[PDB]
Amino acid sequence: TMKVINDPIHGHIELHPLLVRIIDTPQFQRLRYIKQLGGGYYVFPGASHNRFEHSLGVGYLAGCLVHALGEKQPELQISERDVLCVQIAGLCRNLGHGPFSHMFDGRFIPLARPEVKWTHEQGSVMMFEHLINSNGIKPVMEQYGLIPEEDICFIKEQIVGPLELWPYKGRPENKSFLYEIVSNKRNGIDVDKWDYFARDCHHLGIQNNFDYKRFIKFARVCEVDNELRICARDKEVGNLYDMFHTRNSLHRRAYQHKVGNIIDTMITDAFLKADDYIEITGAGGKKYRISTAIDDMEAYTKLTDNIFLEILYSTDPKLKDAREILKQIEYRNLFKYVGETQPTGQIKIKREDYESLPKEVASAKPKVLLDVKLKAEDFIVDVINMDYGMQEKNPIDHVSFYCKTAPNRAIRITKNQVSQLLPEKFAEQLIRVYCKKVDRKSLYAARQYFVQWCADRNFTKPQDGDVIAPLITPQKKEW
């Protein structure tokens, strides 16, 4: 029968027996050993939470929204089968995450395997297949009325989008709105964000401004260009703009914390140095590396935050370089933040150029006397793209609304119709510079290079530019 789980964010969640079966597998329980915020725990000591409990919350909210829609609009013909498939997708869309979450797909794999293209979403689909097949889930699905052929396709499609006219095979256009719940490809407004906002805020000790319950109460399905889509009540548009404001705040303060990022960067370097030597046993006893475990789900099942400690506690001399980096983290001998700047006006920095940037900083020629000369290897340059989840675009332009006077007619709402105090831009870049040399004189020099580089490139004046580089800031007229 059903199980009750007490969650600090959602209170008492009811789990259908089929969901319990999916949960109680090595492939799912794995997520207990992957921190939701990775290196962030090393800055925010409340952020101990893992992918596992977040996944439960996502499945729960996915269920709440689909339930709400069915109760309010029985004409949608939403079935218990539909509800379960949506809950399963919600539960399983985090299955693909690697050690320290975004660090793994965002930092490590791009450097370890630049040729490969890999995302946690792809991983989630693969792990899900592995989970299903390894645990005899399909029989249990039919026992509760699911049709594995169609429904597994549907679940995968919810996580990763078309496995490619209506492009989906798992459900038809009349059920289009179902695909907006777990992972919303159209505008990013989905139950995954709603759980991490509330869960991260609870753990970080910073407050959440977004009311998902409210949103759910005001959600309706309407016909939009011959699709049935979820529409928000007109008056909730303010709150949706705010939801993305909240997202960006959480990125600024927490997910892209300058020191959290530097720790992620150091752990990634440790992983790269360990990658030749750590071995992970996959299917048939075959051995994989940290970087290649993603090619075999049996191996990947055993790849979690544990690697951090395996490296730290290692005695093998081959792992000395990797282990040393982690030990510096324990002593808190971290690379030093020098400053932040941004490109001015039009300019954007391409991913291909990231590598050249430490060279550029080291090449700057501040007109000041320096005891030390710094090298490209002494600098880290971290480039972060901050947006509203659709690059340059406004996601609210891709939301449909209804008004109380005509609940069946979907409408659009433009930014001008809402507020002139809203962002005029929806994407930006932040550039952080750090120095691996931590002494007083080194650090002083790093500041001079940095601010000179900013001037040379016509980037924005660092906020403390006049303090850290008083001789340099005057040369640039704009500043």
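The first residue of the sequence shown is number 1, and the count goes up from there.
Per the record, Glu164 and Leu165 are separated by a gap of 4 to 9 residues from the deposited sequence that were not modelled. Remark: stretch with higher mean C-alpha B factor among 3-11 and 469-477 is 469-477.
Taking the mean C-alpha B-factor of each stretch as recorded, 51-59 and 424-432 are not equal, and the higher mean is that of 424-432. Comparing the C-alpha B-factors of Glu173, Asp234, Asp305, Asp242 in the entry, the top value falls on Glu173. The entry assigns its greatest Cα B factor, within the set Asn261, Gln87, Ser101, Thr281, to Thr281. When the CA B factors of the chain's modelled residues are split into thirds, the value for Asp382 lands in the lowest one. Sorting the modelled residues of the chain by their CA temperature factor places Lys35 in the lowest third. Ranked by C-alpha B-factor against the other modelled residues of its chain, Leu111 falls in the highest third. Among the modelled residues of the chain, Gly96 sits in the middle third by CA temperature factor in this PDB entry. The deposited CA B-factor of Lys273 belongs to the middle third of values across its chain.
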